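Colleague: Provided herewith: entry.txt, compact mmCIF, C-alpha atoms.
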# COMPACT_ATOMS: atom_id res chain seq x y z
CA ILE A 563 -56.82 71.43 172.58
CA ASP A 564 -53.21 72.22 171.57
CA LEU A 565 -53.01 68.43 171.89
CA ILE A 566 -55.60 68.00 169.14
CA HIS A 567 -53.81 70.50 166.92
CA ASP A 568 -50.47 68.73 167.52
CA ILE A 569 -51.87 65.24 166.61
CA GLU A 570 -53.63 66.72 163.53
CA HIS A 571 -50.41 68.37 162.31
CA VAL A 572 -48.98 64.89 162.12
CA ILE A 573 -51.90 62.79 160.91
CA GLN A 574 -53.02 65.37 158.19
CA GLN A 575 -49.94 64.36 156.26
CA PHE A 576 -51.34 60.80 155.89
CA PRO A 577 -54.71 61.07 154.27
CA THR A 578 -57.34 58.51 155.49
CA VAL A 579 -55.62 58.26 158.83
CA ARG A 580 -57.92 58.74 161.83
CA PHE A 581 -57.41 58.52 165.65
CA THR A 582 -58.79 58.65 169.15
CA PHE A 583 -56.66 59.86 172.05
CA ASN A 584 -57.44 58.72 175.56
CA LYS A 585 -56.21 61.46 177.92
CA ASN A 586 -56.57 59.16 181.01
CA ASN A 587 -53.73 56.86 179.91
CA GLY A 588 -52.01 58.92 177.13
CA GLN A 589 -52.85 56.26 174.54
CA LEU A 590 -53.22 57.08 170.84
CA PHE A 591 -55.23 54.69 168.73
CA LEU A 592 -54.55 55.03 164.98
CA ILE A 593 -56.55 53.57 162.07
CA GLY A 594 -56.66 53.91 158.21
CA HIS A 595 -54.19 53.42 155.24
CA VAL A 596 -50.68 54.50 154.21
CA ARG A 597 -48.88 53.93 150.84
CA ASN A 598 -46.20 51.55 152.38
CA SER A 599 -44.27 50.37 155.44
CA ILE A 600 -41.80 53.35 154.95
CA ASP A 601 -44.65 55.83 155.31
CA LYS A 602 -45.97 53.77 158.23
CA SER A 603 -42.68 54.08 160.11
CA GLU A 604 -42.64 57.86 159.51
CA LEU A 605 -46.18 58.12 160.89
CA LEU A 606 -45.54 56.05 163.99
CA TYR A 607 -42.30 57.77 164.93
CA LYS A 608 -43.73 61.27 164.52
CA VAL A 609 -46.72 60.60 166.76
CA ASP A 610 -44.53 58.82 169.29
CA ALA A 611 -42.32 62.00 169.47
CA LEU A 612 -45.34 63.88 170.80
CA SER A 613 -44.46 64.13 174.51
CA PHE A 614 -48.11 63.64 175.68
CA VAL A 615 -48.44 60.32 173.77
CA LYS A 616 -47.37 57.44 175.98
CA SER A 617 -48.53 54.62 173.78
CA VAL A 618 -49.67 53.97 170.22
CA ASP A 619 -52.25 51.34 169.24
CA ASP A 620 -51.44 50.97 165.53
CA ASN A 621 -54.17 49.66 163.20
CA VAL A 622 -52.97 51.30 160.03
CA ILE A 623 -52.98 49.25 156.80
CA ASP A 624 -49.87 49.11 154.61
CA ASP A 625 -51.56 49.23 151.20
CA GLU A 626 -48.41 47.90 149.43
CA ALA A 627 -48.46 44.62 151.41
CA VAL A 628 -52.16 44.44 150.46
CA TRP A 629 -51.89 44.69 146.69
CA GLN A 630 -48.61 42.77 146.52
CA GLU A 631 -50.27 39.89 148.46
CA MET A 632 -53.24 39.96 146.04
CA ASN A 633 -50.92 39.93 142.99
CA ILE A 634 -49.23 36.87 144.39
CA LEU A 635 -52.68 35.11 144.54
CA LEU A 636 -53.71 36.17 141.07
CA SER A 637 -50.30 35.05 139.64
CA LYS A 638 -50.94 31.47 140.75
CA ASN A 639 -54.35 31.42 139.10
CA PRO A 640 -54.26 30.40 135.41
CA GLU A 641 -57.65 32.04 134.80
CA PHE A 642 -56.32 35.49 136.07
CA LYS A 643 -52.58 35.71 135.66
CA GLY A 644 -52.72 38.77 133.23
CA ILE A 645 -54.62 40.70 135.99
CA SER A 646 -52.85 42.88 138.60
CA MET A 647 -53.68 45.26 141.43
CA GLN A 648 -52.13 48.60 142.38
CA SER A 649 -53.00 51.58 144.53
CA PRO A 650 -52.49 55.13 143.19
CA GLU A 651 -53.17 56.50 146.67
CA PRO A 652 -53.83 55.54 150.29
CA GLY A 653 -57.18 53.76 150.49
CA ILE A 654 -57.76 53.45 146.71
CA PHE A 655 -57.15 50.09 144.96
CA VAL A 656 -57.19 49.64 141.15
CA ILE A 657 -57.47 46.27 139.38
CA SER A 658 -56.37 46.23 135.71
CA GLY A 659 -55.57 44.04 132.69
CA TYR A 660 -57.54 42.04 130.05
CA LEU A 661 -60.04 39.16 130.31
CA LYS A 662 -61.50 37.34 127.31
CA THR A 663 -65.22 37.41 128.13
CA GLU A 664 -67.92 38.70 130.55
CA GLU A 665 -67.98 35.20 132.10
CA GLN A 666 -64.32 35.50 133.10
CA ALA A 667 -65.19 38.96 134.45
CA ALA A 668 -67.84 37.34 136.67
CA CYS A 669 -65.36 34.62 137.79
CA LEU A 670 -62.89 37.39 138.88
CA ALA A 671 -65.58 39.26 140.88
CA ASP A 672 -66.47 36.03 142.75
CA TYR A 673 -62.79 35.38 143.33
CA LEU A 674 -62.17 38.92 144.74
CA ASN A 675 -65.28 38.42 146.87
CA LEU A 676 -63.71 35.46 148.58
CA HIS A 677 -60.11 36.84 148.84
CA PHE A 678 -60.00 40.66 148.96
CA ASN A 679 -60.66 42.67 152.19
CA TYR A 680 -61.24 46.09 150.62
CA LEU A 681 -63.88 45.77 147.88
CA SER A 682 -65.61 49.01 148.76
CA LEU A 683 -62.29 50.84 147.99
CA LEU A 684 -61.70 48.96 144.70
CA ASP A 685 -61.82 50.61 141.26
CA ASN A 686 -62.27 48.21 138.39
CA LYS A 687 -60.41 48.94 135.18
CA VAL A 688 -60.20 45.50 133.67
CA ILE A 689 -60.81 45.48 129.89
CA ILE A 690 -63.19 42.73 128.45
CA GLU A 691 -61.95 41.55 125.02
CA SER A 692 -65.38 40.46 123.73
CA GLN A 693 -66.60 44.04 124.46
CA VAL A 694 -63.75 45.82 122.68
CA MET A 695 -64.29 43.67 119.65
CA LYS A 696 -68.04 44.69 119.34
CA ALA A 697 -66.85 48.31 119.59
CA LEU A 698 -64.28 47.76 116.77
CA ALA A 699 -66.59 45.73 114.55
CA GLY A 700 -69.27 48.42 115.01
CA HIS A 701 -66.84 51.21 113.97
CA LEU A 702 -65.87 49.23 110.84
CA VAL A 703 -69.52 48.67 109.90
CA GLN A 704 -70.44 52.33 110.56
CA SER A 705 -67.67 53.39 108.22
CA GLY A 706 -68.48 51.10 105.25
CA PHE A 707 -66.01 48.26 106.10
CA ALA A 708 -68.08 45.25 107.09
CA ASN A 709 -66.04 43.68 104.85
CA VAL A 710 -62.94 43.97 107.21
CA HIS A 711 -62.75 41.53 110.12
CA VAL A 712 -61.15 42.12 113.50
CA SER A 713 -59.69 40.09 116.35
CA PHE A 714 -58.62 41.51 119.70
CA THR A 715 -56.39 40.07 122.43
CA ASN A 716 -54.22 41.71 125.07
CA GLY A 717 -54.45 45.29 123.76
CA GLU A 718 -53.73 44.12 120.20
CA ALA A 719 -56.23 44.55 117.35
CA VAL A 720 -55.69 42.44 114.16
CA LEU A 721 -57.35 43.41 110.85
CA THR A 722 -57.82 41.13 107.85
CA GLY A 723 -59.93 41.16 104.70
CA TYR A 724 -60.00 43.11 101.47
CA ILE A 725 -60.73 46.74 100.49
CA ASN A 726 -61.50 48.49 97.17
CA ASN A 727 -58.46 50.44 95.88
CA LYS A 728 -60.40 53.69 95.78
CA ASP A 729 -60.94 53.30 99.60
CA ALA A 730 -57.29 53.50 100.78
CA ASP A 731 -57.35 57.02 102.35
CA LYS A 732 -60.77 56.57 103.99
CA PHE A 733 -59.51 53.29 105.51
CA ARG A 734 -56.25 54.81 106.82
CA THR A 735 -58.51 57.31 108.60
CA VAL A 736 -60.76 54.59 110.00
CA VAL A 737 -57.65 52.79 111.30
CA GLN A 738 -56.34 55.94 113.09
CA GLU A 739 -59.66 56.20 114.91
CA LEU A 740 -59.65 52.51 115.97
CA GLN A 741 -56.29 53.22 117.67
CA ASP A 742 -58.00 55.84 119.86
CA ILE A 743 -60.41 53.41 121.64
CA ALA A 744 -60.71 51.83 125.12
CA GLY A 745 -57.83 49.46 125.91
CA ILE A 746 -56.17 49.34 122.48
CA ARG A 747 -52.36 49.43 122.44
CA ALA A 748 -51.69 48.27 118.86
CA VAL A 749 -53.47 47.68 115.53
CA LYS A 750 -51.92 45.08 113.23
CA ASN A 751 -53.19 45.75 109.67
CA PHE A 752 -53.09 42.78 107.17
CA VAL A 753 -55.90 44.06 104.90
CA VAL A 754 -55.33 43.59 101.18
CA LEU A 755 -55.75 46.61 98.90
CA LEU A 756 -57.54 45.40 95.71
CA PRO A 757 -56.78 47.09 92.45
CA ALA A 758 -59.53 47.48 89.86
CA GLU A 759 -59.91 44.13 88.07
CA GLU A 760 -60.09 46.01 84.72
CA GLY A 761 -56.69 47.58 85.55
CA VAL A 762 -55.17 44.13 86.24
CA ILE A 763 -56.63 42.58 83.08
CA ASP A 764 -54.97 45.50 81.23
CA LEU A 765 -51.45 45.15 82.62
CA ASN A 766 -51.69 41.41 81.80
CA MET A 767 -52.06 42.37 78.10
CA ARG A 768 -49.12 44.79 77.64
CA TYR A 769 -46.26 42.83 79.32
CA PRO A 770 -44.81 39.53 78.08
CA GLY A 771 -45.19 36.19 79.88
Translate this file's structure into structure tokens.

Modeller:
Amino acid sequence: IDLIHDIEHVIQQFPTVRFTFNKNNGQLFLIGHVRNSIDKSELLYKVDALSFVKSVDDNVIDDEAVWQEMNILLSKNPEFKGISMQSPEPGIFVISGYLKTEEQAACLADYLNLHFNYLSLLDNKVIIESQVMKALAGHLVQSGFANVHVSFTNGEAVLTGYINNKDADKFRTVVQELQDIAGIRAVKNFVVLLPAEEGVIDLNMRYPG
């Protein structure tokens, strides 16, 4: 029982790690995930140090080898090369980046189905560009700017069109709020500010050609 407490003192430091210890032959069987091969070596050498452990059967996954391997596969795929995988902790994988459409999103899911061994542990954070653009276009319409047109690629929103000169401060506000959405890193504003036509006609009359 002090044996159980001694193994636990070690393995508790490596969340997800589990074991079985066979007292007939002194064998420890380990399973689960660690952050990287450095953590793995720490784990193995600490359990080995336990004087009652004669052998270690090591089935622990190095999560770093796992996501690095996957990033190598995605990198070679022209469809997915802006997509990468990480792990913010043992046993949790996170896939992130931008795709253009829902169809490319479905292609990626199929791909990961065929290539990735830990789907049940995978968190999906990929941003779909076609979706972000509906969100943006809907905010502009809500606000009275239907009017202003938007494109969106790779975290970058581009605005074009024309606004009424009166509307400058309302629009500045609408642009602030578009910055605080989903996977938006930058807004590039090319919208023209129209002056009152009557005001232009009038400056045409009082200055020489």

Colleague: Find the spatial neighbours of stretch 669-674 of chain A, counting only C-alpha atoms, within a cut-off of 12 Å - ignore same-chain residues fewer than 5 positions away - and output them as number ranges by chain.

Modeller: A: 629, 632-633, 635-636, 639-647, 657-664, 679-682, 684-686, 688, 690

Colleague: Which distance in Å separates atom CA of residue A:760 and atom CA of residue A:728, to one decimal?

Modeller: 13.5 Å

Colleague: Just to confirm, what's the straight-line distance from atom CA of residue A:603 to atom CA of residue A:571 in Å (one decimal)?

Modeller: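 Computing the Euclidean distance for atom CA of residue A:603 and atom CA of residue A:571 yields 16.4 Å.
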
Colleague: Would you list the contacts of residue A:653 as a PDB file with C-alpha atoms, in the coordinates of the input, taking every protein, DNA or RNA residue within 12 Å and counting only C-alpha atoms, but skipping same-chain residues closer than 5 positions in sequence?

Modeller:
ATOM      1  CA  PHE A 576     -51.340  60.800 155.890  1.00  0.00           C
ATOM      2  CA  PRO A 577     -54.710  61.070 154.270  1.00  0.00           C
ATOM      3  CA  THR A 578     -57.340  58.510 155.490  1.00  0.00           C
ATOM      4  CA  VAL A 579     -55.620  58.260 158.830  1.00  0.00           C
ATOM      5  CA  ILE A 593     -56.550  53.570 162.070  1.00  0.00           C
ATOM      6  CA  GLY A 594     -56.660  53.910 158.210  1.00  0.00           C
ATOM      7  CA  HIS A 595     -54.190  53.420 155.240  1.00  0.00           C
ATOM      8  CA  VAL A 596     -50.680  54.500 154.210  1.00  0.00           C
ATOM      9  CA  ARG A 597     -48.880  53.930 150.840  1.00  0.00           C
ATOM     10  CA  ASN A 598     -46.200  51.550 152.380  1.00  0.00           C
ATOM     11  CA  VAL A 622     -52.970  51.300 160.030  1.00  0.00           C
ATOM     12  CA  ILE A 623     -52.980  49.250 156.800  1.00  0.00           C
ATOM     13  CA  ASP A 624     -49.870  49.110 154.610  1.00  0.00           C
ATOM     14  CA  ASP A 625     -51.560  49.230 151.200  1.00  0.00           C
ATOM     15  CA  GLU A 626     -48.410  47.900 149.430  1.00  0.00           C
ATOM     16  CA  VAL A 628     -52.160  44.440 150.460  1.00  0.00           C
ATOM     17  CA  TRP A 629     -51.890  44.690 146.690  1.00  0.00           C
ATOM     18  CA  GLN A 648     -52.130  48.600 142.380  1.00  0.00           C
ATOM     19  CA  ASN A 679     -60.660  42.670 152.190  1.00  0.00           C
ATOM     20  CA  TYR A 680     -61.240  46.090 150.620  1.00  0.00           C
ATOM     21  CA  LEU A 681     -63.880  45.770 147.880  1.00  0.00           C
ATOM     22  CA  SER A 682     -65.610  49.010 148.760  1.00  0.00           C
ATOM     23  CA  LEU A 683     -62.290  50.840 147.990  1.00  0.00           C
ATOM     24  CA  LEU A 684     -61.700  48.960 144.700  1.00  0.00           C
ATOM     25  CA  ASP A 685     -61.820  50.610 141.260  1.00  0.00           C
TER      26      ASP A 685
END

Colleague: For residue A:737, work out the shell of residues within 10 Å, counting all atoms listed in the file and skipping chain neighbours fewer than 6 positions away, then give it as a ChimeraX atom specification.

Modeller: /A:698,701-702,721,731,749-751

Colleague: Limited to C-alpha atoms, could you put the picked residues into a file as a PDB file, in the frame of the given file?

Modeller:
ATOM      1  CA  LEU A 698     -64.280  47.760 116.770  1.00  0.00           C
ATOM      2  CA  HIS A 701     -66.840  51.210 113.970  1.00  0.00           C
ATOM      3  CA  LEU A 702     -65.870  49.230 110.840  1.00  0.00           C
ATOM      4  CA  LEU A 721     -57.350  43.410 110.850  1.00  0.00           C
ATOM      5  CA  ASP A 731     -57.350  57.020 102.350  1.00  0.00           C
ATOM      6  CA  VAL A 749     -53.470  47.680 115.530  1.00  0.00           C
ATOM      7  CA  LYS A 750     -51.920  45.080 113.230  1.00  0.00           C
ATOM      8  CA  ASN A 751     -53.190  45.750 109.670  1.00  0.00           C
TER       9      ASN A 751
END

Colleague: Using only C-alpha atoms, which residues of stretch 640-743 of chain A come within 8 Å of stretch 752-755 of chain A, and what is the closest atom pair for each, with the distance in Å to one decimal? Give it as CSV, sorted by chain and residue number.

Modeller:
residue,atom,partner,partner_atom,distance
A:710,CA,A:753,CA,7.4
A:720,CA,A:752,CA,7.5
A:721,CA,A:752,CA,5.7
A:722,CA,A:753,CA,4.6
A:723,CA,A:753,CA,5.0
A:724,CA,A:754,CA,4.7
A:725,CA,A:755,CA,5.2
A:726,CA,A:755,CA,6.3
A:727,CA,A:755,CA,5.6
A:730,CA,A:755,CA,7.3

Colleague: Could the residues in this selection be written to a file with C-alpha atoms, as a short mmCIF file (atom, residue, chain, number, x, y, z; two decimals), in the coordinates of the input?

Modeller:
data_model
loop_
_atom_site.label_atom_id
_atom_site.label_comp_id
_atom_site.auth_asym_id
_atom_site.auth_seq_id
_atom_site.Cartn_x
_atom_site.Cartn_y
_atom_site.Cartn_z
CA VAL A 710 -62.94 43.97 107.21
CA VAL A 720 -55.69 42.44 114.16
CA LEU A 721 -57.35 43.41 110.85
CA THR A 722 -57.82 41.13 107.85
CA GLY A 723 -59.93 41.16 104.70
CA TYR A 724 -60.00 43.11 101.47
CA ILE A 725 -60.73 46.74 100.49
CA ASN A 726 -61.50 48.49 97.17
CA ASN A 727 -58.46 50.44 95.88
CA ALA A 730 -57.29 53.50 100.78
#

Colleague: Using only C-alpha atoms, which of the listed residues (A:675, A:735, A:575, A:589) sits closest to residue A:615?

Modeller: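 Of all the options, A:589 lies closest to residue A:615.
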
Colleague: When you draw a straight line from atom CA of residue A:689 to atom CA of residue A:744, how long is it in Å?

Modeller: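 These two atoms are separated by 7.9 Å.
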
Colleague: Residues at most 7 Å from residue A:718, counting all atoms listed in the file, excluding those fewer than 5 positions away in the same chain, as number ranges by chain?

Modeller: A: 746-749

Colleague: Which residue is closest to residue A:588? Choose from A:618, A:764, A:601, A:677 and count all atoms listed in the file.

Modeller: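 Closest to residue A:588 of all the choices is A:618.
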
Colleague: Go through A:742, A:604, A:729, A:691 and flag the residue nearest residue A:717, using all atoms listed in the file for the distances.

Modeller: A:691

Colleague: Can you pull out every residue within 8 Å of residue A:619, counting only C-alpha atoms, but drop anything in the same chain fewer than 5 positions away, and send it as a list in words?

Modeller: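 Listed by chain and then number, they are residues 589, 590, 591 and 592 of chain A.
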
Colleague: Could stretch 727-763 of chain A be completed with N, CA and C atoms and written as an mmCIF file, keeping the file's coordinate frame, please?

Modeller:
data_model
loop_
_atom_site.group_PDB
_atom_site.id
_atom_site.type_symbol
_atom_site.label_atom_id
_atom_site.label_comp_id
_atom_site.auth_asym_id
_atom_site.auth_seq_id
_atom_site.Cartn_x
_atom_site.Cartn_y
_atom_site.Cartn_z
ATOM 1 N N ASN A 727 -59.661 49.562 95.960
ATOM 2 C CA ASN A 727 -58.460 50.440 95.880
ATOM 3 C C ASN A 727 -58.778 51.914 96.087
ATOM 4 N N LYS A 728 -59.890 52.354 95.516
ATOM 5 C CA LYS A 728 -60.400 53.690 95.780
ATOM 6 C C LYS A 728 -60.374 54.032 97.274
ATOM 7 N N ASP A 729 -60.704 53.061 98.138
ATOM 8 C CA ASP A 729 -60.940 53.300 99.600
ATOM 9 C C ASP A 729 -59.716 53.431 100.508
ATOM 10 N N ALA A 730 -58.504 53.510 99.957
ATOM 11 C CA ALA A 730 -57.290 53.500 100.780
ATOM 12 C C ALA A 730 -57.221 54.616 101.833
ATOM 13 N N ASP A 731 -57.422 55.869 101.426
ATOM 14 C CA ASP A 731 -57.350 57.020 102.350
ATOM 15 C C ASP A 731 -58.478 57.099 103.400
ATOM 16 N N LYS A 732 -59.685 56.698 103.025
ATOM 17 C CA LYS A 732 -60.770 56.570 103.990
ATOM 18 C C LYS A 732 -60.434 55.510 105.055
ATOM 19 N N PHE A 733 -59.883 54.384 104.611
ATOM 20 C CA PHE A 733 -59.510 53.290 105.510
ATOM 21 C C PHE A 733 -58.380 53.629 106.487
ATOM 22 N N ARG A 734 -57.323 54.255 105.990
ATOM 23 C CA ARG A 734 -56.250 54.810 106.820
ATOM 24 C C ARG A 734 -56.798 55.687 107.954
ATOM 25 N N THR A 735 -57.822 56.463 107.633
ATOM 26 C CA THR A 735 -58.510 57.310 108.600
ATOM 27 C C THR A 735 -59.277 56.453 109.610
ATOM 28 N N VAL A 736 -60.055 55.491 109.121
ATOM 29 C CA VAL A 736 -60.760 54.590 110.000
ATOM 30 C C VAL A 736 -59.792 53.843 110.938
ATOM 31 N N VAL A 737 -58.619 53.465 110.443
ATOM 32 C CA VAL A 737 -57.650 52.790 111.300
ATOM 33 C C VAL A 737 -57.096 53.726 112.387
ATOM 34 N N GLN A 738 -56.779 54.975 112.061
ATOM 35 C CA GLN A 738 -56.340 55.940 113.090
ATOM 36 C C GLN A 738 -57.321 55.983 114.256
ATOM 37 N N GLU A 739 -58.598 56.062 113.924
ATOM 38 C CA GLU A 739 -59.660 56.200 114.910
ATOM 39 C C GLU A 739 -59.840 54.943 115.773
ATOM 40 N N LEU A 740 -59.643 53.755 115.194
ATOM 41 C CA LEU A 740 -59.650 52.510 115.970
ATOM 42 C C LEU A 740 -58.518 52.478 117.017
ATOM 43 N N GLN A 741 -57.374 53.086 116.702
ATOM 44 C CA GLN A 741 -56.290 53.220 117.670
ATOM 45 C C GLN A 741 -56.668 54.030 118.918
ATOM 46 N N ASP A 742 -57.617 54.947 118.782
ATOM 47 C CA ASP A 742 -58.000 55.840 119.860
ATOM 48 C C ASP A 742 -59.269 55.333 120.565
ATOM 49 N N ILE A 743 -59.275 54.060 120.954
ATOM 50 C CA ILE A 743 -60.410 53.410 121.640
ATOM 51 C C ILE A 743 -59.971 52.631 122.891
ATOM 52 N N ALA A 744 -60.759 52.735 123.959
ATOM 53 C CA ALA A 744 -60.710 51.830 125.120
ATOM 54 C C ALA A 744 -59.316 51.336 125.470
ATOM 55 N N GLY A 745 -59.137 50.022 125.560
ATOM 56 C CA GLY A 745 -57.830 49.460 125.910
ATOM 57 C C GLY A 745 -57.044 48.913 124.726
ATOM 58 N N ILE A 746 -56.900 49.728 123.674
ATOM 59 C CA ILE A 746 -56.170 49.340 122.480
ATOM 60 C C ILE A 746 -54.787 49.931 122.484
ATOM 61 N N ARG A 747 -53.781 49.050 122.504
ATOM 62 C CA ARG A 747 -52.360 49.430 122.440
ATOM 63 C C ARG A 747 -51.760 49.350 121.034
ATOM 64 N N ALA A 748 -52.208 48.406 120.225
ATOM 65 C CA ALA A 748 -51.690 48.270 118.860
ATOM 66 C C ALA A 748 -52.740 47.746 117.890
ATOM 67 N N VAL A 749 -52.699 48.277 116.659
ATOM 68 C CA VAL A 749 -53.470 47.680 115.530
ATOM 69 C C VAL A 749 -52.538 47.052 114.520
ATOM 70 N N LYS A 750 -52.681 45.760 114.270
ATOM 71 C CA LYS A 750 -51.920 45.080 113.230
ATOM 72 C C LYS A 750 -52.812 44.973 111.984
ATOM 73 N N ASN A 751 -52.451 45.711 110.930
ATOM 74 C CA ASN A 751 -53.190 45.750 109.670
ATOM 75 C C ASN A 751 -52.697 44.792 108.559
ATOM 76 N N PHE A 752 -53.433 43.708 108.270
ATOM 77 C CA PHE A 752 -53.090 42.780 107.170
ATOM 78 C C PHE A 752 -54.067 42.842 105.953
ATOM 79 N N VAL A 753 -54.883 43.893 105.921
ATOM 80 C CA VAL A 753 -55.900 44.060 104.900
ATOM 81 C C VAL A 753 -55.297 44.265 103.508
ATOM 82 N N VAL A 754 -55.771 43.461 102.563
ATOM 83 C CA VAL A 754 -55.330 43.590 101.180
ATOM 84 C C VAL A 754 -56.027 44.780 100.461
ATOM 85 N N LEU A 755 -55.244 45.537 99.722
ATOM 86 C CA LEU A 755 -55.750 46.610 98.900
ATOM 87 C C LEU A 755 -55.995 46.101 97.445
ATOM 88 N N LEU A 756 -57.255 45.916 97.057
ATOM 89 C CA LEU A 756 -57.540 45.400 95.710
ATOM 90 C C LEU A 756 -57.400 46.464 94.673
ATOM 91 N N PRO A 757 -56.673 46.179 93.591
ATOM 92 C CA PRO A 757 -56.780 47.090 92.450
ATOM 93 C C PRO A 757 -58.027 46.718 91.638
ATOM 94 N N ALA A 758 -58.492 47.681 90.857
ATOM 95 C CA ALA A 758 -59.530 47.480 89.860
ATOM 96 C C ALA A 758 -59.197 46.280 88.972
ATOM 97 N N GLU A 759 -60.135 45.338 88.848
ATOM 98 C CA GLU A 759 -59.910 44.130 88.070
ATOM 99 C C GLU A 759 -59.602 44.491 86.610
ATOM 100 N N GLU A 760 -60.307 45.497 86.092
ATOM 101 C CA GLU A 760 -60.090 46.010 84.720
ATOM 102 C C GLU A 760 -58.648 46.538 84.521
ATOM 103 N N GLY A 761 -58.091 47.161 85.561
ATOM 104 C CA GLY A 761 -56.690 47.580 85.550
ATOM 105 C C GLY A 761 -55.718 46.407 85.562
ATOM 106 N N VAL A 762 -56.067 45.298 86.207
ATOM 107 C CA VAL A 762 -55.170 44.130 86.240
ATOM 108 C C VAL A 762 -55.215 43.422 84.890
ATOM 109 N N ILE A 763 -56.425 43.140 84.404
ATOM 110 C CA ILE A 763 -56.630 42.580 83.080
ATOM 111 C C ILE A 763 -55.799 43.289 82.023
#
